[PDB]
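J.: Here you go, this is structure.txt (compact mmCIF, C-alpha atoms and all ligand atoms).
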# COMPACT_ATOMS: atom_id res chain seq x y z
CA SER A 1 43.56 -3.03 10.73
CA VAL A 2 44.85 -1.68 14.04
CA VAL A 3 41.91 -1.72 16.47
CA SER A 4 41.71 -0.26 19.98
CA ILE A 5 40.50 -2.28 22.98
CA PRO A 6 38.38 -0.15 25.35
CA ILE A 7 39.80 0.55 28.80
CA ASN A 8 37.80 2.21 31.58
CA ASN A 9 39.11 5.55 32.88
CA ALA A 10 42.16 4.97 30.69
CA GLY A 11 43.54 8.48 31.25
CA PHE A 12 42.54 8.83 34.91
CA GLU A 13 40.27 11.74 33.98
CA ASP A 14 37.61 10.63 36.50
CA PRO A 15 37.31 12.33 38.99
CA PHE A 16 37.71 15.91 37.82
CA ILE A 17 40.17 17.83 40.00
CA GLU A 18 39.90 21.63 40.11
CA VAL A 19 42.91 22.90 42.07
CA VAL A 20 46.49 22.96 40.74
CA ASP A 21 48.52 20.02 42.07
CA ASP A 22 45.54 18.58 43.99
CA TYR A 23 44.99 14.83 44.24
CA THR A 24 42.75 12.09 45.60
CA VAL A 25 43.93 9.20 47.78
CA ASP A 26 41.40 6.54 46.76
CA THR A 27 41.62 3.96 43.99
CA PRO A 28 40.67 5.66 40.70
CA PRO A 29 37.28 4.68 39.27
CA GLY A 30 37.49 1.77 36.85
CA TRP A 31 40.71 0.45 38.41
CA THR A 32 41.55 -1.72 41.40
CA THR A 33 44.52 -1.56 43.74
CA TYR A 34 47.11 -4.24 42.98
CA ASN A 35 48.37 -5.09 46.46
CA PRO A 36 50.27 -8.43 46.47
CA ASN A 37 52.38 -7.45 49.50
CA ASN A 38 49.59 -5.77 51.52
CA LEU A 39 51.49 -2.46 51.45
CA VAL A 40 48.49 -0.19 50.73
CA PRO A 41 45.79 0.15 53.42
CA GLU A 42 42.07 0.11 52.70
CA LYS A 43 41.65 3.58 54.24
CA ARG A 44 44.18 6.12 53.01
CA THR A 45 45.29 9.61 53.79
CA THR A 46 47.97 11.89 52.31
CA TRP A 47 50.91 10.11 53.95
CA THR A 48 49.90 6.45 54.05
CA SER A 49 50.86 4.29 51.13
CA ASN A 50 48.14 5.17 48.65
CA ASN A 51 47.06 5.64 45.06
CA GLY A 52 44.72 8.02 43.33
CA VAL A 53 44.42 10.68 40.66
CA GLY A 54 46.20 14.01 40.36
CA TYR A 55 45.75 17.15 38.26
CA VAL A 56 48.83 18.19 36.22
CA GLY A 57 48.17 21.61 34.69
CA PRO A 58 49.72 25.07 34.33
CA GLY A 59 51.16 25.97 37.72
CA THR A 60 52.41 22.48 38.51
CA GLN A 61 55.65 21.94 40.41
CA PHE A 62 55.87 18.29 39.33
CA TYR A 63 56.84 18.34 35.64
CA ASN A 64 58.21 20.44 32.81
CA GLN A 65 55.20 19.31 30.77
CA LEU A 66 51.47 18.98 31.39
CA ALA A 67 49.57 15.73 31.81
CA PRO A 68 50.24 13.54 28.73
CA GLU A 69 46.48 13.30 28.16
CA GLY A 70 43.64 15.44 29.49
CA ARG A 71 44.05 17.02 32.92
CA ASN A 72 44.95 14.13 35.21
CA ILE A 73 47.41 11.35 35.90
CA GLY A 74 47.10 8.28 38.15
CA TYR A 75 49.71 7.81 40.88
CA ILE A 76 50.97 5.27 43.41
CA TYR A 77 52.94 6.25 46.52
CA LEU A 78 54.54 3.65 48.82
CA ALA A 79 55.80 4.73 52.24
CA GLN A 80 57.54 1.49 53.18
CA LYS A 81 61.28 1.25 52.69
CA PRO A 82 62.69 0.10 49.33
CA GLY A 83 62.59 -3.68 49.01
CA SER A 84 59.34 -4.11 50.94
CA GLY A 85 57.30 -5.21 47.91
CA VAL A 86 55.25 -3.69 45.10
CA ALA A 87 51.80 -2.21 44.53
CA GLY A 88 49.88 -0.43 41.83
CA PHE A 89 46.80 -0.37 39.60
CA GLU A 90 45.10 -3.32 37.95
CA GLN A 91 42.23 -3.41 35.48
CA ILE A 92 40.65 -6.56 34.06
CA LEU A 93 39.14 -5.95 30.64
CA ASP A 94 36.16 -7.48 28.91
CA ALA A 95 38.30 -8.44 25.91
CA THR A 96 39.82 -11.93 25.94
CA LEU A 97 43.09 -13.29 24.58
CA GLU A 98 42.76 -14.22 20.91
CA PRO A 99 45.11 -16.26 18.70
CA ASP A 100 47.25 -14.92 15.86
CA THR A 101 46.99 -11.43 17.36
CA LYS A 102 49.74 -8.99 18.34
CA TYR A 103 48.86 -6.81 21.33
CA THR A 104 50.51 -3.43 21.91
CA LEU A 105 50.07 -1.82 25.33
CA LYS A 106 51.34 1.75 25.73
CA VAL A 107 51.32 3.85 28.88
CA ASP A 108 53.05 7.09 29.81
CA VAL A 109 55.15 6.81 32.97
CA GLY A 110 55.99 9.92 34.97
CA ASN A 111 58.79 10.67 37.41
CA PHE A 112 57.50 13.81 39.10
CA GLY A 113 59.96 16.14 40.80
CA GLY A 114 59.63 18.98 43.30
CA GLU A 115 59.12 19.12 47.05
CA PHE A 116 56.08 18.25 49.16
CA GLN A 117 55.89 19.47 52.77
CA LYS A 118 59.71 19.82 52.83
CA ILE A 119 60.24 16.25 51.49
CA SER A 120 62.23 16.07 48.26
CA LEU A 121 60.40 14.35 45.40
CA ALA A 122 63.67 13.77 43.55
CA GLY A 123 64.40 10.14 42.74
CA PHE A 124 62.20 7.35 41.47
CA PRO A 125 61.05 3.90 42.67
CA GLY A 126 61.04 2.09 39.33
CA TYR A 127 58.04 0.87 37.34
CA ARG A 128 56.65 -2.25 35.72
CA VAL A 129 53.87 -2.35 33.12
CA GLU A 130 52.18 -5.73 32.61
CA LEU A 131 49.78 -7.26 30.10
CA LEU A 132 47.80 -10.18 31.57
CA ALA A 133 45.52 -12.93 30.49
CA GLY A 134 43.69 -14.44 33.43
CA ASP A 135 46.23 -14.64 36.25
CA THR A 136 49.24 -14.86 33.90
CA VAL A 137 51.64 -12.02 33.05
CA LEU A 138 52.02 -12.46 29.28
CA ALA A 139 54.52 -9.63 28.73
CA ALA A 140 55.95 -6.84 30.81
CA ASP A 141 58.30 -3.86 30.71
CA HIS A 142 60.18 -3.97 34.02
CA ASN A 143 61.82 -0.56 34.38
CA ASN A 144 63.64 -0.32 31.04
CA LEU A 145 63.16 3.42 30.46
CA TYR A 146 65.29 6.08 32.13
CA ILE A 147 62.88 8.78 33.33
CA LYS A 148 64.42 11.91 34.84
CA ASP A 149 62.69 13.97 37.50
CA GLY A 150 60.10 16.19 35.85
CA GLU A 151 59.41 14.12 32.72
CA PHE A 152 57.23 11.38 31.25
CA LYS A 153 58.22 8.62 28.85
CA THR A 154 56.07 6.09 27.00
CA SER A 155 56.46 2.41 27.89
CA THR A 156 55.49 -0.11 25.19
CA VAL A 157 54.70 -3.75 25.95
CA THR A 158 54.03 -6.24 23.16
CA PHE A 159 52.72 -9.78 23.08
CA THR A 160 51.77 -12.18 20.30
CA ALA A 161 49.34 -15.01 21.07
CA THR A 162 49.63 -18.19 18.99
CA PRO A 163 46.85 -20.77 18.50
CA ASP A 164 48.53 -23.07 21.07
CA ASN A 165 48.77 -20.47 23.84
CA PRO A 166 47.36 -22.02 27.06
CA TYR A 167 45.54 -18.80 28.08
CA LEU A 168 43.37 -18.14 25.02
CA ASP A 169 39.83 -16.95 25.90
CA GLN A 170 40.92 -15.66 29.33
CA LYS A 171 40.23 -12.03 30.16
CA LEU A 172 42.95 -9.52 29.32
CA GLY A 173 44.30 -7.32 32.10
CA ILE A 174 46.68 -4.43 32.70
CA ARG A 175 48.88 -3.69 35.71
CA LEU A 176 50.80 -0.48 36.39
CA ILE A 177 53.25 -1.09 39.22
CA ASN A 178 55.43 0.91 41.63
CA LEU A 179 58.51 -1.31 42.17
CA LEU A 180 59.58 0.41 45.44
CA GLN A 181 63.26 0.20 44.39
CA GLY A 182 64.20 3.79 45.23
CA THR A 183 63.03 7.06 46.78
CA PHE A 184 61.12 9.33 46.46
CA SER A 185 58.90 6.24 46.19
CA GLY A 186 56.03 7.54 44.07
CA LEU A 187 55.34 7.64 40.35
CA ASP A 188 52.62 8.57 37.89
CA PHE A 189 50.93 6.94 34.89
CA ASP A 190 48.69 8.29 32.13
CA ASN A 191 47.12 7.54 28.77
CA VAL A 192 46.78 3.74 28.82
CA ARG A 193 46.26 2.40 25.28
CA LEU A 194 45.83 -1.20 24.11
CA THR A 195 45.66 -2.02 20.39
CA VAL A 196 45.55 -5.24 18.37
CA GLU A 197 46.68 -6.29 14.90
CA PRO A 198 47.38 -9.56 13.06
CA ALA A 199 50.44 -11.46 14.22
CA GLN A 200 53.65 -10.93 12.24
CA CA A 301 45.07 11.86 31.68
CA CA A 302 60.80 11.85 41.43
Would you put the structure from the file into structure tokens?
Ligand SMILES: [Ca+2]
Ligand SMILES: [Ca+2]
T.:
Amino acid sequence: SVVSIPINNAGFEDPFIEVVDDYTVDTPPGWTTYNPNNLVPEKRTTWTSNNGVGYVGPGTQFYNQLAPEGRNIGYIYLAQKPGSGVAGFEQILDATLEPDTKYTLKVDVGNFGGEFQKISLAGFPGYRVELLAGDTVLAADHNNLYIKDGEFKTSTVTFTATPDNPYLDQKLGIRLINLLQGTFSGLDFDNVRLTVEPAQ
């Protein structure tokens, strides 16, 4: 009795990207830009703070593996100096928080390596993965995994809602966040999964 909750564009596969290591600079379809510190501008180009989708296939300089799922990942790049704030992706789901239910949110987090226009991509800004109900962060993984340049690791966030939880019936949400706590200050995400089961 482990059931999946649908997520739009959960693997960042829309839009299709043809060319090796190519990318978009606009918010991926199905997601919004989480921008609590106004770090990401409305109009983006390659070198502004931005987010978007990128193809990770044979030929890539970014990883010693391919995209965890499908062809593409979703990425967030922040140009401001470390400490300036955070930004990322948010998606509000149609599912609502239900009692006596354990939620498991999994997402693959990527620390790409390489060099872009003579700028080293070594280093990592840190990540946070959040599960929301309404405006409330129910549970989050703030940067617990060590992710070396060129690899992905799976973050797992869990939350159990009891019958007295104040946020029952509010819409579930997911945030994938660049913490901007190091350089090179970009990171990737892929393969967002949310499942439910009865509480322990
Ligand atoms: Ca994917
Ligand atoms: Ca890196």
J.: Restricting the calculation to only C-alpha atoms and all ligand atoms: of A:133, A:87, A:109, A:25, which residue gets closest to ligand CA 302 (chain A)?
T.: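 Checking each of A:133, A:87, A:109, A:25 against ligand CA 302 (chain A), counting only C-alpha atoms and all ligand atoms, the winner is A:109.
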J.: Would you mind listing, for every residue of stretch 26-71 of chain A within 12 Å of stretch 191-197 of chain A, the two atoms forming the shortest contact and the distance between them in Å to one decimal, using only C-alpha atoms, sorted by chain and ascending residue number, as JSON lines?
T.:
{"residue": "A:31", "atom": "CA", "partner": "A:192", "partner_atom": "CA", "distance": 11.8}
{"residue": "A:67", "atom": "CA", "partner": "A:191", "partner_atom": "CA", "distance": 9.1}
{"residue": "A:68", "atom": "CA", "partner": "A:191", "partner_atom": "CA", "distance": 6.8}
{"residue": "A:69", "atom": "CA", "partner": "A:191", "partner_atom": "CA", "distance": 5.8}
{"residue": "A:70", "atom": "CA", "partner": "A:191", "partner_atom": "CA", "distance": 8.7}
{"residue": "A:71", "atom": "CA", "partner": "A:191", "partner_atom": "CA", "distance": 10.8}
J.: Name the residues in contact with residue A:72 at a cut-off of 6 Å, using all atoms listed in the file, excluding same-chain residues fewer than 6 positions from it; report them as a PyMOL selection string.
T.: chain A and resi 12-13+54-56
J.: Between A:22, A:115, A:94, A:108, single out the one closest to ligand CA 301 (chain A), counting all atoms listed in the file.
T.: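 Among the listed residues, A:108 lies closest to ligand CA 301 (chain A).
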J.: When distances are computed from all atoms listed in the file, which of A:84, A:111, A:51, A:143 shows the smallest separation from ligand CA 302 (chain A)?
T.: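 Comparing A:84, A:111, A:51, A:143 against ligand CA 302 (chain A), the winner is A:111.
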J.: Applying 8 Å and all atoms listed in the file, which residues near residue A:199 remain after dropping the ones on its own chain fewer than 2 positions away? List them as a list in words.
T.: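 Once the adjacent positions are removed, what remains is residues 100, 101, 102, 160, 161 and 197 of chain A.
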J.: Just want the 9 Å neighbourhood of residue A:134, counted on all atoms listed in the file, with same-chain residues fewer than 3 positions away dropped. Output as a PyMOL selection string.
T.: chain A and resi 92+96-97+137+167+169-173
J.: Counting all atoms listed in the file, which of A:9, A:178, A:80, A:162 gets nearest to residue A:128?
T.: A:178
J.: Might I get the box with edges along x, y and z of the file that holds all atoms of stretch 176-184 of chain A listed there, padded by 8 Å on every side, given as centre and edge lengths in Å to one decimal, as AutoDock Vina command-line options?
T.:
--center_x 57.5 --center_y 4.0 --center_z 41.6 --size_x 29.4 --size_y 26.6 --size_z 26.4
